[PDB]
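*Asks:*
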Amino acid sequence: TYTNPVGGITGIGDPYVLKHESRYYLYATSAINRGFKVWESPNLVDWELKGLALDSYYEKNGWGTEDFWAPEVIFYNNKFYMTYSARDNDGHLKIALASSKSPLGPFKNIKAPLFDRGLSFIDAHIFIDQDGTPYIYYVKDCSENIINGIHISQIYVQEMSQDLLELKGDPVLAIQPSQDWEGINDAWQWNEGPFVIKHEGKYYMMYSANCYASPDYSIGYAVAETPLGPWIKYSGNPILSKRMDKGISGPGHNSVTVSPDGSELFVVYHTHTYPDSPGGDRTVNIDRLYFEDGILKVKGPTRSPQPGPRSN
Ligand code: NA
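Under PDB author numbering, read the sequence shown as residues 4 to 315, first letter to last.
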């Protein structure tokens with residue numbers, strides 16, 4: 004069995020898991036002044052810290068001053084590509100692209116920043132469709148995005164070039180705060196942390212809304228017929244939300260992976276380490292993710308013993 008939070012990993016946020024060759028690699032917001040830690044597991048339950056996968060102080064890097072957030076790693080063209088964001092010398096948060104021959108690094112910058120529009124961007128997520136076309140989903144961050152008086156984080160999407168170095172065409176708005184559960188009467192509003200999966204020919208974008216430092220941080224999804232949208236939010240959002248009666252606060256900024264035997268999906272998400280006084284100290288959790296009647300569902304959030312991720 005497992006009991007959340009799995010691995011006892013605290014002082015993090017934004018857990019991204021990649022499965023590769025029967026091992027799992029977790030990358031997270033961690034060393035915020037410097038880079039990103041990686042943890043390894045054979046089973047999604049037992050985790051071992053394996054150092055900085057991306058270190059801005061590594062001799063081949065050097066980019067970014069602070070605010071190293073939300074790394075994601077894909078295996079594409081027979082190597083590993085990491086996206087992340089950090090604050091540049093000009094004060095704007097920007098997305099960067101790095102690569103490595105190994106999931107444990109060292110990752111080396113290949114285009115840092117990946118793009119630059121004089122504004123703040125975070126939470127890049129690269130989705131490779133079944134036909135091999137890459138798409139990047141990313142956040143135009145509330146810090147520098149004010150629309151009709153609201154500081155608002157919006158998720159955009161663009162198709163990428165095959166080499167991942169260019170974002171094609173104009174940015175396409177995917178989603179922005181719009182549903183009642185997303186704090187649409189607040190001065191600051193968020194849709195962030197996109198993660199896209201495909202199921203039965205449709206595309207499902209999981210995302211987080213409300214403030215990361217509130218118990219009300221929570222996960223919803225939207226559905227599209229094509230990766231560039233239109234993206235239509237699930238009416239029953241959020242699909243993963245707090246259970247303060249279980250000490251579960253602010254479930255958010257998730258990734259998705261599969262069990263060791265390939266038979267079932269898990270959502271990997273953070274919650275506040277200290278629900279009595281929430282903030283940036285978050286911890287890693289997993290729970291079962293599945294589709295039923297065309298609805299994406301989570302069995303959770305749990306904090307009691309659950310059957311281990313299915314394995315042979
Ligand atoms: Na992410």
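Ideal Cβ positions, reconstructed from N, Cα and C, are used throughout, including at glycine.
If we count the other Cβ atoms within 10 Å of its Cβ and call it buried at 16 or more, is residue 253 buried or exposed?
*Replies:* buried
*Asks:* Who are residue 271's beta bridge partners in DSSP?
*Replies:* 258 and 289
*Asks:* Under a Cβ-count criterion, where at least 16 other Cβ atoms within 10 Å of its own Cβ denotes burial, should residue 112 be classed as buried or exposed?
*Replies:* buried
*Asks:* I believe residue 156 touches residue 193 by the beta-carbon criterion, under 8 angstroms. Please report the beta-carbon distance rounded to the nearest angstrom.
*Replies:* The Cβ separation is near 4 angstroms, so the contact holds.
*Asks:* Taking buried to mean at least 16 other C-beta atoms within 10 Å of its own C-beta, is residue 86 buried or exposed?
*Replies:* Of the other Cβ atoms in all chains shown, 16 or more fall within 10 Å of the Cβ of residue 86; this residue is therefore buried.
*Asks:* Can you tell me the Cβ-Cβ gap for residue 6 and residue 262, rounded? I've got them flagged as a contact below 8 angstroms.
*Replies:* About 17 angstroms; that fails the 8 angstroms criterion.
*Asks:* According to DSSP, is residue 24 part of a helix, a strand, or is it coil?
*Replies:* coil
*Asks:* Could you check whether the Cβ of residue 17 sits closer than 7 angstroms to any heavy atom belonging to the ligand NA?
*Replies:* At least one heavy atom of the ligand NA is nearer than 7 angstroms to the Cβ of residue 17, so yes.
*Asks:* Report the residue ranges of all beta strand (DSSP E) runs contained in full by the stretch 166-226; include only those spanning at least 3 residues, in chain order.
*Replies:* 175-178, 191-202 and 205-212
*Asks:* Given a threshold of 16 other Cβ atoms within 10 Å of its Cβ, counted over all protein chains shown, does residue 190 qualify as buried or as exposed?
*Replies:* So residue 190 ends up on the exposed side.
*Asks:* Pairing CB atoms from the stretch 68-81 with CB atoms from the stretch 46-54, are three or more of them under 8 angstroms?
*Replies:* no
*Asks:* Is the beta carbon of residue 123 closer than 8 angstroms to that of residue 147?
*Replies:* yes
*Asks:* Which two residues bound the contiguous beta strand (DSSP E) that contains residue 130?
*Replies:* Counted as a single uninterrupted DSSP element, the beta strand (DSSP E) harbouring residue 130 occupies residues 124-131.
*Asks:* Which whole-angstrom value describes the C-beta separation of residue 40 and residue 54, a residue pair presumed to lie in contact below a C-beta threshold of 8 angstroms?
*Replies:* Confirmed, Cβ separation roughly 7 angstroms.
*Asks:* Taking only three categories from DSSP, how would you classify residue 228?
*Replies:* coil
*Asks:* Pairs of beta-carbons, one from the stretch 241-261 and one from the stretch 204-224, closer than 8 angstroms: are there three or more?
*Replies:* yes
*Asks:* When the Cα of residue 168 is compared with those of 175, 102, 240 and 18, which residue comes out closest?
*Replies:* 102
*Asks:* Report yes if the CB atom of residue 289 is closer than 8 angstroms to the CB atom of residue 270, and no otherwise.
*Replies:* yes
*Asks:* Measuring CA to CA, which of 125, 56, 210 and 136 is closest to residue 79?
*Replies:* 136
*Asks:* Mind checking whether residue 237 and residue 225 have CB atoms under 8 angstroms apart?
*Replies:* Pairing residue 237 with residue 225 gives a Cβ-Cβ distance under 8 angstroms.
*Asks:* Alpha carbon to alpha carbon, how far is residue 281 from residue 97?
*Replies:* 26 angstroms
*Asks:* Looking at residue 73 and the ligand NA, is the gap between the Cβ and the nearest heavy atom below 7 angstroms?
*Replies:* yes
*Asks:* Hey, is residue 128 close to the ligand NA, as in C-beta under 7 angstroms from one of its heavy atoms?
*Replies:* yes
*Asks:* Any heavy atom of the ligand NA closer than 7 angstroms to the Cβ of residue 124?
*Replies:* no
*Asks:* Nearest-angstrom Cα distance between residue 220 and residue 242?
*Replies:* 12 angstroms
*Asks:* Does the Cβ of residue 196 lie closer than 7 angstroms to at least one heavy atom of the ligand NA?
*Replies:* yes
*Asks:* Residue 142 by DSSP, collapsed to three states: which one?
*Replies:* strand
*Asks:* In whole angstroms, give me the CA-to-CA distance for residue 296 and residue 149.
*Replies:* Cα to Cα, residue 296 sits roughly 38 angstroms from residue 149.
*Asks:* Can you tell which of 279, 231, 232 and 210 has its C-alpha closest to the C-alpha of residue 223?
*Replies:* Of the residues 279, 231, 232 and 210, the one whose Cα lies closest to the Cα of residue 223 is 210.
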